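Heads up, the thing below is written out as C-alpha cells.
Chains as they are written, first to last, in UniProt numbering: chain C, 52 to 101; chain P, 52 to 101.
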C-alpha cells in the first residue's frame with residue numbers, strides 16, 4: 052500500500068463561555084481571516100484574540 | 052465537534068416600571084405638602100383650644 056490523504060471534520064464547537072470581551076467563535080460554518088508579519092492571509096476558527 | 056449544548060444565564064431582570072412610579076411621585080408630593088400644612092394648623096388649634 053501507499054498512504055496519501057489528510058481530511059478533517061467540521062461539526063461545530065464544543066461550546067464554552069468565558070465572558071472575556073475578545074473571545075469570538077462562529078456558530079454555524081464560516082472562518083476568520085488573519086494576516087501575518089508579511090501580510091500572508093491565513094484562516095482559522097480559534098477565537099482567543101487579544 | 053458533534054455537539055449538544057447545555058444552558059447559560061441571560062443576565063438579570065428586575066420588577067420595575069417607569070410610569071407607576073411617576074404617579075407615585077406626584078401623589079407623594081401632593082400628600083406630603085398637605086400633611087405638613089395641616090399639622091401646623093393643628094398646632095395652632097391646640098393653642099386656641101383652652
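Beta carbons are placed, not taken as given, at the ideal position from N, Cα and C, and that holds for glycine.
{"Check": "Rounded to whole angstroms, what is the Cα-Cα separation between residue 80 of chain C and residue 53 of chain P?", "Outcome": "14 Å"}
{"Check": "When the Cα atoms are used, what is the spatial distance from residue 59 of chain P to residue 60 of chain C?", "Outcome": "27 Å"}
{"Check": "Mind pulling the chain C residues with CB within less than 8 Å of residue 84 of chain P?", "Outcome": "By Cβ distance, chain C contributes nothing, its closest Cβ being about 49 Å from residue 84 of chain P, past 8 Å."}
{"Check": "Which residues, in chain order, does the region 54–87 of chain P contribute to contact with chain C at a C-beta distance below 7 Å?", "Outcome": "54, 56, 59"}
{"Check": "So residue 66 of chain C packs on residue 56 of chain P, CB below 8 Å; how close in whole Å?", "Outcome": "6 Å"}
{"Check": "For chain P, check one thing: does any of its Cβ atoms lie closer than 8 Å to the Cβ of residue 69 of chain C?", "Outcome": "no"}
{"Check": "Quick one: list the residues of chain P neighbouring residue 64 of chain C, beta-carbon separation under 7 Å, in chain order.", "Outcome": "54"}
{"Check": "How is residue 94 of chain C classed by DSSP in three states: helix, strand or coil?", "Outcome": "strand"}
{"Check": "Just to confirm the assignment, what range does the alpha helix (DSSP H) spanning residue 99 of chain P have?", "Outcome": "71–100"}
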